[PDB]
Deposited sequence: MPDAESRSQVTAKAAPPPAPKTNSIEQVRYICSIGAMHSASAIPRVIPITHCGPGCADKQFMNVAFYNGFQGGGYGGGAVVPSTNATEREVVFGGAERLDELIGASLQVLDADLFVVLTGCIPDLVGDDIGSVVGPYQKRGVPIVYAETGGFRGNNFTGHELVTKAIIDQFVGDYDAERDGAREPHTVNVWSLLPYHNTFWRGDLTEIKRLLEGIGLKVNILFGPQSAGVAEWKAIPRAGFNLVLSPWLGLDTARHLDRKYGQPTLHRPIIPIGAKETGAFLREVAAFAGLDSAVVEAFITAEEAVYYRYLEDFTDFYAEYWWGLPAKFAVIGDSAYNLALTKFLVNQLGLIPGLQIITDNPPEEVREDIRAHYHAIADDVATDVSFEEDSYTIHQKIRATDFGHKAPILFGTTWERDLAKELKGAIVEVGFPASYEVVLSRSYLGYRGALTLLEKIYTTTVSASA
């Protein structure tokens, strides 16, 4: 069917949050007359109550549209102090056929730091919009590369293409952890988003990075291929985002092998991180093994492919939980779906599962209800939409993705070693709160 009940994502123009995730970058939205651009800068608010003030929010300007868009750009330029403006277009400019390139080019020839992305809402969701925005920035702001003028390529610098900002609820802490891990093994990291990023200076340095790391099942592959064609940069695709010591060590060793990093440094960093992580896991083993009242054996993960696969891998391989049902809701392109399914088939050496692709919450809930989770209630890793279903199943729910309307998220992370420990805390504080 076509109906989507309880949307699991937003339109492409919702990728304005990706632009506002870059420090000192202000998106300029053009959705038509521009009634409810607020529908987004407030949608991120009803994710883990984070708000876009770092680069947006009510700060975001919003709208023949060529004349009116030109007026908007002129007004925003003279009011707002931004390192870069990103102009995003919605339905009406696309359907009417407004020539946004003609409106925005004159400013660029004037030297203004402005880019435009044609991100018609009905074309796709905000993941496709994110890729469009990143490609627009690369094409219109980073521009062409000349090693003599711009600087020699650095083999040990990496551009990280990863979680989608403001849609992956814990993207700030998660990107902090990813950057920390990558710098541990001796890389210079262009994280490109969030508090740890340097801003547009980091984006201008994209051409002179050794390689692009696509740390996600499919998001960023388009950008990495584009950068390969443009600058000739090699790409490392690491579809599983690491959570915990096992997967994180595998990921770090894989990146070190790819980039030719010093193995002694990599091993020392892994040893220290593992020491800390396994001290905490040793402390946790008492609870995990002794807890009288039993803990969930099966789980279901509903969310975008990145966090879905990361959580499935961690829950199967670190905790030995039984995968009950995994549904990916970000609507990945049909070309990449078999590779994702393959990742799920080999989720462990002796565990094989599968992943479905549904975007309608009614179908997802019916699938969960039709699933058999054993004599114990499962643990759902989903969104606010699954709270009622979780109560119906008499099980726990952990909100791990959009919409996480019952989490206040400042710097929480669920990736790497520290994020893995935080995730365990969250999961098993939720489970024991049955009698709270």
Which regions of the deposited sequence are unaccounted for in the modelled residues, listed N- to C-terminal? 1 to 21, 85 to 93
